[PDB]
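Okay, so here's the structure we're looking at.
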Amino acid sequence: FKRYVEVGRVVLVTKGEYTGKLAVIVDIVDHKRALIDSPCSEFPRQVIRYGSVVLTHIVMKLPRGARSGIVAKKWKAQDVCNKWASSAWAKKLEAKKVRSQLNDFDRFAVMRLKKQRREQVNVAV
Amino acid sequence: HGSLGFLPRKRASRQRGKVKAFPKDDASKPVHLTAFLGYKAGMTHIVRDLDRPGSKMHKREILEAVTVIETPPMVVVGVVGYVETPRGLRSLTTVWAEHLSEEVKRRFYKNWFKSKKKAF
Amino acid sequence: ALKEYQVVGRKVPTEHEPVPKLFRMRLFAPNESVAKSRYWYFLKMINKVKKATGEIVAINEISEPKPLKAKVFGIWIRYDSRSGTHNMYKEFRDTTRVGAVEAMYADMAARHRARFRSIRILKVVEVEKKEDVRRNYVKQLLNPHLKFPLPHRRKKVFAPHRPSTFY
Amino acid sequence: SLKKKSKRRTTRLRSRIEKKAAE
Amino acid sequence: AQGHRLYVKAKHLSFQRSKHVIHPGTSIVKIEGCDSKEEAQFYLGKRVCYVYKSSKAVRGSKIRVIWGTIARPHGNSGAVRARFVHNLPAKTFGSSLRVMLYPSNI
Amino acid sequence: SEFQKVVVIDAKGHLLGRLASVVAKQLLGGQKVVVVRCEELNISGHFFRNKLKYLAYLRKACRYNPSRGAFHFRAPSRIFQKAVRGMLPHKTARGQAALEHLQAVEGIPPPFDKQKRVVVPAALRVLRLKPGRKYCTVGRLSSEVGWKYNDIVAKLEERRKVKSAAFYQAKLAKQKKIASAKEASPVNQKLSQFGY
Amino acid sequence: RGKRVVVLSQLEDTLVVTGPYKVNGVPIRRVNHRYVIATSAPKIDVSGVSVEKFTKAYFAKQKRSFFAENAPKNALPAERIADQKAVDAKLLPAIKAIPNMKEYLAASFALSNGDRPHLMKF
Amino acid sequence: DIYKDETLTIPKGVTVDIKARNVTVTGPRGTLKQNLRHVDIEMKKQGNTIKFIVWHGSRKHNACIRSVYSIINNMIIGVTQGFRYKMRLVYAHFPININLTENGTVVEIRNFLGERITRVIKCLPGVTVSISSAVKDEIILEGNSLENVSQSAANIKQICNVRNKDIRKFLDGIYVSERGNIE
RNA sequence: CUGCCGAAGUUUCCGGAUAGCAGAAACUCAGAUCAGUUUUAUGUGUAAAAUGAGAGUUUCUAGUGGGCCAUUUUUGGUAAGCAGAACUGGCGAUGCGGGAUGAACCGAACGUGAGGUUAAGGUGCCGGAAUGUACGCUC
RNA sequence: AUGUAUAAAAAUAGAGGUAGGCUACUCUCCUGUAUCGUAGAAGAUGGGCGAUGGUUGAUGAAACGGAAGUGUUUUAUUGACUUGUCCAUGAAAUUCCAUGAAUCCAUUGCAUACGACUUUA
């Protein structure tokens, strides 16, 4: 296995008002619940159910039950931010978000982009 | 009544007895045939020596009624290929001989005399 | 969702008892009306204090003082069965006394097919030391090296590809 | 059924079961 | 070739009914891409039409159309209720409907 | 969410009841459904329990002319079609039309082995059945009740896998070429800010 | 339908809109505001073209009291082409300065497979 | 319980791979393959140790951990040492005639209790049959698969069954005498 | 042919007279009396605040005088059923939603329609409605 | 019908690779909200610039597809179009939604209540 529910694991919230955010399991409650926190101010420290999160492969050292400030301090020290973005999974998710917020004019420019990209279709014989 | 495995007791839908099962194929055995067609003529009675070990008429003779079937040699006029499918055997294609005798050409026509003899 | 309520009441003052004792209970109910009703039923069944001759002097909702800290609660209960006489003690690990009560009601109704009326809460305490923690699963949750794979991972019908259903 | 016997019961049979439960 | 279809596709599922009574006046329409009653709030008030063909060449045309209006969502799965000028025939259960993008508010 | 003219469903690893209920709704919706690999369907419960189920189903027969009783069909496609049919108003013209808009086949015939085969997430065994629980397969169940084409379908599917895998290798090699030429053009990275 | 058009001004009820006639051949027309999808494409200058001339009476049809008659040769009056040509002359520099707008306005919008209007942002 | 694990240390056996739950153990004696797809147990391979792990399993599934551990240990013993079963012929009046064919893979038994029937029993794959010279009327069953060897011994004993006679007096038959390793 | 009003479904005395329920005619009554109701007080009964409603009588003239089902109390019980009362209900004069189907079960009581919202019961498919959410039990 | 556009396989307490020598690497998964395709009087008329490709129509083919192969390729041409990047004309008053055999008649008896069936002509 590559993913384990353990203290110090970074998780991605999937269901709820915090969908798409990154959190870290500060403490573990039981087989069905977990307590998480995030350095971003918009994400409060809260208890979540395991169905709402997906375990990311990134695990960072974290003492059990650390307060929000020290969690942010450890987060900045170990540079979890942009370490998640280094993964191809994050790039796909961010690209999906950018595609979602595109308007009609941007989509037209995309068509011209890929039409010019398709123009070459040149390969060695 | 009789056995329930033979009902519904109705007329056979064919004058010629159709084979419903052939012996299982074997690659070890070389290529041969399995069935033949003949015409019943009648039977007689014959006297035959009984070489039946353990029987009470061993090394003796008995009288047996035996049916005589005339079997003139059969002419191979074609071949049919069968392909196994998830819905059973299926006739993939049929190849006939170039020249067919009038005996087998008469089969395709109800009135061979009035026909234009256009088969094949 | 349940809400913890502090309920204080007494009988109506009278020349016999000009200063009746104020009885206070900590009981859980969805709303105030249910909490007062359960209080009066308990007071009648314990101190034989009539609902008619009494009145309610104070009602206050109680919030969890430390709702962000994982805790283990031990709950004493007097469950009613076919014989209508039982008493058990159960331990639940969670972050709110309300949550432990919520878990206990769901558990008892799931196993013994109990109801809110068949259940009466006897005492709720917060067991803080691993020494007093008794249940095996609670102990295996307070182990320092707790880690395990996530179980039960699980419109847009007609998915084109097979699910990963793994990591 | 599937076992040997129909789980579904006759309407007069259900009522007399209710009557037998009452007494 | 794909420079047309300014409309969203939909299917006429059934009438608005109880277990035993049908009300043919209002029809349940499954607009595709819609997945919730919150999503159906976008398609409220749009113009849904039923395009079919007949033998006669009325106005020199083989194709006739029954217009209609999306009224309100129906259920949690994103279906909608539509009121057509002429109530749709019972033979159109499962047929295709066209939900135009007008009257637009986007 | 969407529809096509014809939907091909790869019934491997699906559950008989869950898939049939989804299929029956799609047929009443007006879509044409083709369920391939019907012999690879799964049913909850262990093999012996399901075999006794069908056997007991075989017991359903009249005294008068058993040819007038319930016709028991042994093929896995016919088993699946019976499950779908009981979920349809088959005594009405609307129900009869929906049935005719469905084609259940064992394995994958040639007209459908060169088309994309979608799967139903709501009917998949790996998502619906708790791990370690006993489940049977309609192919083994059918072949024990009297279906007599298990081996040939297994052989024909082996050939289909071999031919299809060779096609995938050709397409993957082509995909490798187009992928290499994808980022070769600088225009891809010029304004990829739109997420493409 | 499906033509991308530039809005000149808002009338009492309709929008007096016209695409650059040399681009997509859309003359000055009243269009009801419920039959228009307002895209978030970058704005262009409209303050430089006179629009007070376009009135409800100006767009109004004559009385009723033939198809070879009328037609946009005989019944399309000369001055109408003069405002139309003037509008294109006043609008072309803006769409020339900002990239892809001439190409964008020439193209026609249409939905494709898997396109959901309730999610797509215009 | 959350965690239930059994640890096994591997001997000098070459390969103990459990890819796709298919244990394919290659040792000095040979290579044995078995399928453990009927048990939902994690098979962690790290260095010289193999962990059979079950998370949140019931007692019925938890009992499979030790059973899996033993059978894997048994087959590992087979690829390293092998299994050998010694059976002694027992006859009162009629000597039991035993002949070996295809280097012993099939045993046909005659002259049992005076019966003229030739009982032919084929051993399971991975087993060979030999006649011991040190001890008379001795049959040796050696191979890699303990289950196959034991099943072959059980089949031989079951075939040579005395019927309709008093067991207390009639003792004719073939029975297992010694079970162990090759060395 | 349409419209309006609309029961009794049984006491009490010898087939009935009576009463009761339904109407009509003619009277007086609004600072008045009533009530399938609840409080208060005196010792379950009696008497006087709450709430609702306009409240009374006299004449005379139709129809009704059965039963069924169920609850509770109680009398015995009895292999076990049940049997005897009382009690007010439900049906009976009455369609409708649900209970797969139904004299007695859960809702609901009816002019013709449009829209909205619910009851009882439901939301895998037949079948309108979440193959919803959360926690357990079961092979 | 309105793009009627999309063919690996298996596992799910795991797979697929890439890069290696059945074993040592690291990467990817976590659904398609993807990919292909999509500017043009239902798509007009010319002119450049830059590819030297793409889309096809009609021929001529050869290789492949049997499970229901009724379709996959490779192509040799020929006829078109090309938006790959720029230009110049045209649309409109539709001046605010509507879209050769068989049968009968005969013949046979291998058949038969009557039809049917087997023959012959």
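For the structure tokens, the naming scheme is as follows: chains receive sequential letters (A, B, ...) according to their order of presentation, residues are indexed from 1 within each chain, and ligands are indexed from 1 in presentation order.
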
Residues of chain F were defined as contacting chain D if any atom lay at most 9 Å from it, counting only C-alpha atoms; please report them as a compact mmCIF listing (two decimals) with N, CA, C and O atoms, in the first residue's frame.
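The resulting file, out20.txt, is shown below:
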```txt
# COMPACT_ATOMS: atom_id res chain seq x y z
N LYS F 53 -31.30 -22.01 -6.77
CA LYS F 53 -32.32 -21.07 -7.18
C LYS F 53 -32.84 -21.47 -8.55
O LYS F 53 -34.03 -21.73 -8.72
N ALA F 56 -34.67 -24.81 -8.71
CA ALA F 56 -36.04 -24.62 -8.26
C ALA F 56 -36.88 -23.92 -9.32
O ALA F 56 -38.08 -24.17 -9.45
N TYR F 57 -36.25 -23.04 -10.11
CA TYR F 57 -36.95 -22.40 -11.22
C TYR F 57 -37.29 -23.42 -12.30
O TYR F 57 -38.32 -23.30 -12.98
```

Contact residues around residue 102 (chain H) with only C-alpha atoms (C1' of nucleotides) at 10 Å, ignoring same-chain residues under 5 positions, as a list in words: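 Counting only C-alpha atoms (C1' of nucleotides), the residues come to residues 107, 128 and 129 of chain H.
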
Pick out the residues sitting within 12 Å of residue 56 (chain J), and hand them over as a PyMOL selection string; count only C-alpha atoms (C1' of nucleotides), and ignore anything fewer than 5 positions along from it in its own chain. chain J and resi 79-82

Leaving out residue 16 (chain A) and any residue of its chain fewer than 2 positions from it, which residues lie within 10 Å of it when counting only C-alpha atoms (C1' of nucleotides), given as number ranges by chain? A: 13-14, 18-20, 48, 52-53

Could you build a table of the residues in chain E lying no more than 10 Å from chain C, giving for each the nearest pair of atoms and their separation in Å rounded to one decimal place, using only C-alpha atoms, ordered by chain and ascending residue number, as CSV?
```
residue,atom,partner,partner_atom,distance
E:32,CA,C:156,CA,9.9
E:33,CA,C:156,CA,8.6
E:34,CA,C:155,CA,8.9
E:35,CA,C:155,CA,6.0
E:36,CA,C:155,CA,8.7
E:77,CA,C:155,CA,7.7
E:78,CA,C:155,CA,9.4
```

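Those residues of chain E that fall within 9 Å of chain F when using only C-alpha atoms read residues 9, 11, 12, 13, 31, 32, 33, 34, 35, 91, 93, 94, 95 and 96 of chain E.
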
If we count only C-alpha atoms (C1' of nucleotides) and set the cut-off at 12 Å, which residues sit around region 49-51 of chain I, ignoring sequence neighbours fewer than 4 positions away in its own chain? Please answer as a PyMOL selection string. chain I and resi 35+37-41

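Within 9 Å of residue 67 (chain E), once only C-alpha atoms (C1' of nucleotides) are used and residues closer than 3 positions along the same chain are dropped, the contacting residues are residues 47, 48, 49, 50, 51, 83, 84, 85 and 86 of chain E.
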
Selection file, N, CA and C atoms, as a tab-separated table (two decimals), in the first residue's frame:
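As written to disk, out_17.tsv reads:
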```tsv
chain	number	residue	atom	x	y	z
E	47	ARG	N	-37.53	27.10	-23.89
E	47	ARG	CA	-38.53	26.68	-24.86
E	47	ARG	C	-38.16	25.28	-25.35
E	48	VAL	N	-38.96	24.29	-24.96
E	48	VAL	CA	-38.78	22.91	-25.41
E	48	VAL	C	-39.77	22.64	-26.54
E	49	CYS	N	-39.32	21.92	-27.56
E	49	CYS	CA	-40.14	21.63	-28.73
E	49	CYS	C	-40.06	20.15	-29.08
E	50	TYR	N	-41.10	19.66	-29.74
E	50	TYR	CA	-41.17	18.28	-30.20
E	50	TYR	C	-41.30	18.30	-31.72
E	51	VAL	N	-40.28	17.81	-32.41
E	51	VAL	CA	-40.21	17.86	-33.87
E	51	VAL	C	-40.50	16.47	-34.41
E	83	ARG	N	-44.87	22.19	-20.09
E	83	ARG	CA	-46.25	22.38	-20.53
E	83	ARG	C	-46.24	22.75	-22.01
E	84	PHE	N	-46.76	21.86	-22.84
E	84	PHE	CA	-46.80	22.06	-24.28
E	84	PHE	C	-48.15	22.63	-24.69
E	85	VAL	N	-48.16	23.29	-25.85
E	85	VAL	CA	-49.40	23.90	-26.34
E	85	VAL	C	-50.46	22.83	-26.55
E	86	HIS	N	-50.10	21.76	-27.24
E	86	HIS	CA	-50.91	20.55	-27.31
E	86	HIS	C	-50.21	19.47	-26.51
```

Quick one: contact table of region 19-72 of chain J to region 95-114 of chain A, 9 Å max, nearest atom pair and distance in Å to one decimal per residue, counting only C-alpha atoms (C1' of nucleotides), chain and number order, as a Markdown table?
```
| residue | atom | partner | partner_atom | distance |
| --- | --- | --- | --- | --- |
| J:33 | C1' | A:96 | CA | 7.2 |
| J:38 | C1' | A:111 | CA | 7.5 |
| J:39 | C1' | A:112 | CA | 8.5 |
```
